[PDB]
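**Q** so I've got this experimental structure, pasted below with the sequence.
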Amino acid sequence: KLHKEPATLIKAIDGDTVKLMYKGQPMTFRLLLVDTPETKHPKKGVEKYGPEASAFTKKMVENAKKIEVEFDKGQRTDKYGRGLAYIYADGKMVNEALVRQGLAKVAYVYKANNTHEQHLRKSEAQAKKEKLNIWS
């Protein structure tokens, strides 16, 4: 089953992307099962709530004492070379926190990487009941 591995923060890039030192090598990680408003969107400019999601992720990983990555069962890298994982800051999954705060939507499953989809779905449901940020 899944297991967490240590990593070291290098730089927070976007609400859904963080650069980390994983096993002695820098890597860009794309947070699994989440879709945050972008600030660095190819087409379309700084989307609504983009700055908020970026600040949220940034704050969470920078203030953490221990960063851990957790790959799922499917493909572990996307077509851009970004690792696909669940990121944890001091035991708290950053993917879930974003959703729970209404700063991200739960994305489509990417090649069998859906172990935590149900959990995330529940948090997203709650965030919309509470009309949080995106769900206003």
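**A** Perfect, I can see it now. Numbers count the residues shown, from 1 in each chain.
**Q** would you state the strands of this protein in chain order?
**A** Counting by DSSP state E, residue ranges of the strands within the chain are 5-14, 17-22, 25-31, 67-71, 83-89, 92-93.
**Q** contacting residues around the residue most central in space within the chain?
**A** Averaging the C-alpha coordinates of the chain gives a centre point, and the residue nearest to it by C-alpha atoms, centre = their mean is residue 31 (3.2 Å). Contact criterion C-beta atoms under 8 Å, 6 or more residues apart in numbering gives 16-18, 57, 85-87, 94-95, 98 as the residues in contact with residue 31. The C-beta positions use only the backbone N, C-alpha and C, and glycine is treated the same way.
**Q** now tell me what touches stretch 60-74 from outside.
**A** Residues lying outside stretch 60-74 but in contact with it, judged by C-beta under 8 Å, 6+ apart, are 2-9, 12, 18, 20, 22, 29, 32, 83-92, 94, 97, 110-116.
**Q** how far away is residue 62 from residue 49?
**A** For residue 62, the distance to residue 49 (C-beta to C-beta, to the nearest Å) stands at 20 Å.
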